[PDB]
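S.K.: Letter by letter, the sequence shown follows residues 1 to 191 in the deposited numbering.
C-beta atoms are modelled at their ideal positions from N, C-alpha and C, and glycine is treated no differently.
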Amino acid sequence: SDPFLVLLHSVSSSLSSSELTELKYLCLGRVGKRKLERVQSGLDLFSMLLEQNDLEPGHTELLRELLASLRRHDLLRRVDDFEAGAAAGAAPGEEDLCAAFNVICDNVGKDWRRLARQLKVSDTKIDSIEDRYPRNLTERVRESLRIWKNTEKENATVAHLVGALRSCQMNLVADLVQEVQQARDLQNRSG
């Protein structure tokens, strides 16, 4: 029940029925026959491409290609501001993620070196960071968390962090974060 996705639903509901039809087809190289044929409503592009992650509830640059193509600049500009500047709780997954991340942040092993690799923080950074601060905790925990929430901010889903937590091997908080995930995903993916 997400404010950005509401807005996505709201641009779809501001569009005519041919245009929805056309949009389905015209995405030839992006939605192909099988994916094409099965979807029901006008929303069901929007529904799917969120689902498969062609966009997120942060920025939808790809979706804004589609909006642009179908002329309506009016629809664009409201959506544009949302993505440009008003990304405060726009993806609402971040908060329970941040909650969980705060919890993980408190109990820390020297394993942010493995973990930053595993999550795919860039190796040229890792190599340097490793060399720079070998034995220490402090600048590692600050680097690793900052670079992760820089890198995977637009793909901050709880599964990343669930997997990440377990890598650091704090098991008590693991099951806690898992129920954070389980209840949160279910309710929020639903609509």
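1. Taking the straight line between their C-alpha atoms, what separation do you get for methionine 170 and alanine 88?
2. Between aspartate 96 and the rest of its own chain, which residues show a CB-CB distance below 7 Å, the 5 nearest in sequence each way excluded?
3. Quick check on DSSP: helix, strand or coil for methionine 170?
4. Which parts of the segment 75-108 are runs of the alpha helix (DSSP H), unbroken and 4 residues or longer, counting only runs that do not cross its ends?
5. Would you kindly check if the distance between the Cβ of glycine 58 and the Cβ of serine 12 is under 8 Å?
6. Quick check on the DSSP output: the alpha helix (DSSP H) that includes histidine 59 runs from which residue to which?
7. Taking 8 Å as the cut-off, decide whether the C-beta atoms of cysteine 168 and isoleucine 104 are in contact.
8. If you drop the 5 nearest sequence neighbours on each side, which residues of the same chain put their C-beta closer than 7 Å to that of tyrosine 133?
9. Between which residues of its own chain and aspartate 2 is the CB-CB distance below 6 Å, once the five residues before and five after are set aside?
10. Go ahead and pull the three-state DSSP assignment for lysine 110.
11. Rounded to whole angstroms, what's the CA-CA distance from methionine 48 to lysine 33? Just pull it up for me.
12. Just to confirm before moving on: does the CB-CB distance between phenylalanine 101 and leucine 161 stay below 8 Å?
13. Contact between the segment 108-122 and the segment 61-77 is defined here as three or more beta-carbon pairs at a separation below 8 Å; is this criterion met?
14. Just to confirm, is the Cβ distance from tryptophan 148 to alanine 174 under 8 Å?
15. Going by DSSP in three states, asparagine 150 sits in which element: helix, strand or coil?
16. Excluding the 5 residues flanking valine 121 on each side, which residues of the same chain have their C-beta closer than 8 Å to its C-beta?
17. Assuming contact is defined by CB atoms lying nearer than 8 Å, are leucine 36 and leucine 66 in contact in what I supplied?
M.R.: On the basis of the data shown:
1. Position 170 of the sequence shown, counted from the start, is the residue given in the question as residue 170. Position 88 of the sequence shown, counted from the start, is the residue given in the question as residue 88. Roughly 30 Å between the two C-alpha positions.
2. In the sequence shown, residue 96 corresponds to position 96, counting from 1. Taken in chain order, the residues that qualify are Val158, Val180 and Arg184.
3. Position 170 of the sequence shown holds residue 170. Correct three-state label for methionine 170: coil.
4. 94-106
5. For the purposes of this step, residue 12 is taken as the residue at position 12 of the sequence shown. For the purposes of this step, residue 58 is taken as the residue at position 58 of the sequence shown. Their beta carbons are not under 8 Å apart, which means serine 12 does not touch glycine 58 by this criterion.
6. Position 59 of the sequence shown, counted from the start, is the residue given in the question as residue 59. It is not in any alpha helix (DSSP H) - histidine 59 carries neither H nor E in the DSSP assignment.
7. In the sequence shown, the residue the question calls residue 168 occupies position 168. In the sequence shown, the residue the question calls residue 104 occupies position 104. Taking 8 Å as the Cβ cut-off, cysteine 168 and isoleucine 104 qualify as a contacting pair.
8. Here residue 133 refers to the residue found at position 133 when the sequence shown is read from its first residue. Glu139 and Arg140, listed in sequence order.
9. Indexing the sequence shown from 1 puts residue 2 at position 2. Only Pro57 and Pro92 meet the Cβ criterion.
10. On the sequence shown, residue 110 is found 110 positions in, with the first residue counted as 1. Correct three-state label for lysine 110: coil.
11. If you number the sequence shown from 1, residue 48 lands on position 48. If you number the sequence shown from 1, residue 33 lands on position 33. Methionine 48 and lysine 33: Cα-Cα distance of roughly 14 Å.
12. Taking the sequence shown and counting its residues from 1, one reaches residue 101 at position 101. Taking the sequence shown and counting its residues from 1, one reaches residue 161 at position 161. Closer than 8 Å, so yes.
13. no
14. Numbered from its first residue, the sequence shown carries residue 148 at position 148. Numbered from its first residue, the sequence shown carries residue 174 at position 174. Against a cut-off of 8 Å, the Cβ pair of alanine 174 and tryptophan 148 comes out as no contact.
15. Taking the sequence shown and counting its residues from 1, one reaches residue 150 at position 150. Of the three classes helix, strand and coil, the one that applies to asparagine 150 here is helix, per DSSP.
16. Here residue 121 refers to the residue found at position 121 of the sequence shown. The residues are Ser144, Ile147, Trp148 and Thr151.
17. Here residue 36 refers to the residue found at position 36 of the sequence shown. Here residue 66 refers to the residue found at position 66 of the sequence shown. Contact flag unset, no.
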